[PDB]
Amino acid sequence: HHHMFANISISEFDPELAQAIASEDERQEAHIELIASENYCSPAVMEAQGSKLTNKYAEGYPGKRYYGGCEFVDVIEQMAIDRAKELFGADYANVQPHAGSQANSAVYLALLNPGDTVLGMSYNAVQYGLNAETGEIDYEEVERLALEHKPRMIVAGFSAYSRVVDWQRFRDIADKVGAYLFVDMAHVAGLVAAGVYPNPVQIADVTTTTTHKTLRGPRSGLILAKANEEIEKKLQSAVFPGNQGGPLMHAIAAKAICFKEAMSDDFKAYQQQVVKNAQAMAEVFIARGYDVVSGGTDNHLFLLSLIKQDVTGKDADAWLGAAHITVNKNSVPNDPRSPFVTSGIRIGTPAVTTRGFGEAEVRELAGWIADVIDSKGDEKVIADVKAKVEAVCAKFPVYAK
């Protein structure tokens, strides 16, 4: 004899782990998290990840699997695909990528060859960048580079860009040289899904995204594309068997949940407060004598510049983290400090907006941040900001007990 499965929780079986899980959750409850790529996903999303779908091995694609018995995981994968399509108005969707990496990689695997040329931002790679003049994209510097290098793929997609990416300008630049236009909207996808930000899905030939971050789903990857018989065939094969074995059906059910969520009016209202909270904070920092790259934001993040303050990005990271405010050091256009030191921080409001922070809460939070950095990380300043932070976090819990 050996035991059968009962209803044995992690607490009853593994108190060492259950204590560590609990410390993390309280740390998460008692910390303001302003890392632009971070969110808290719903109890329903977590329920799908916790489902018994982890027990199905479904090697392949729906209706054309390798092993049988996939009558209902076919419906679940197809539901996620169709919801993805309806959400972003795509004609193709692959919901099997385990992560954003596995989705981006499969785009390159399906569209490029040994030593092709790619034009992207900081295989034969060529860079393009931001006119520090504008703090925005130098579309003429992208223009001339494609004509001069004739890449087979221009890549558009950014992790610290606070303005609207001109997807259409990128399209005709990639049409003049015949390149592929591949867009990674991982950071703005939630904003795109609610309609608060222009949609590259119909423009580019292939668009990928994380399902977490602004999309507020599970940690996973997704691929979309405009209709294209030959391309759709490649993306299929590059995912599986090019990069992956079987999909994680429980994360695929979690994707379907989150896509349905992102279709809601409540989700549009959430993304609209996400934007107004970021705009609010940028106004406070400007009014407090700070610089914001490109002068403000149109989305959920911005870069706070620290040059005028003579503080490094690493230093400001640590001080704020010690006050239970969480950011990351980020380099600014033409940053005169090294990439491991930087002259800025990246601040995003998706997470604080999710636990119900409004404009009044984030304007104060920005004041507390400016209090810490101005003081050059003074201990008494950090002590007071920590206590203020821990109390507003208690007043705005993420998940309801």
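Quick note: we count residues from 1 along the sequence shown, nothing fancier.
The gap between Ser122 and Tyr123 holds 10 or more unmodelled residues of the deposited sequence. The stretch 361-369 shows the higher mean C-alpha B-factor when 361-369 is compared against 47-55 in the entry. Taking only CA atoms, the mean B-factor in the PDB entry is higher for 169-177 than for the other of 271-279 and 169-177.
The maximum CA B-factor among the listed residues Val75, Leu248, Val188, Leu109, taken from the PDB record, is found at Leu109. Note on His98, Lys234, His212, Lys260: the highest value goes to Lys234, judged by CA B factor as recorded. Looking at the C-alpha B-factors along this chain, the one for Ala22 belongs to the lowest third. Ranked by C-alpha B-factor against the other modelled residues of its chain, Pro350 falls in the lowest third. Among all modelled residues in this chain, the alpha-carbon of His300 has a temperature factor (C-alpha) in the middle third. Looking at the C-alpha B-factors along this chain, the one for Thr117 belongs to the highest third. In the deposited entry, the Cα temperature factor of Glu38 sits in the middle third of values across the chain's modelled residues.
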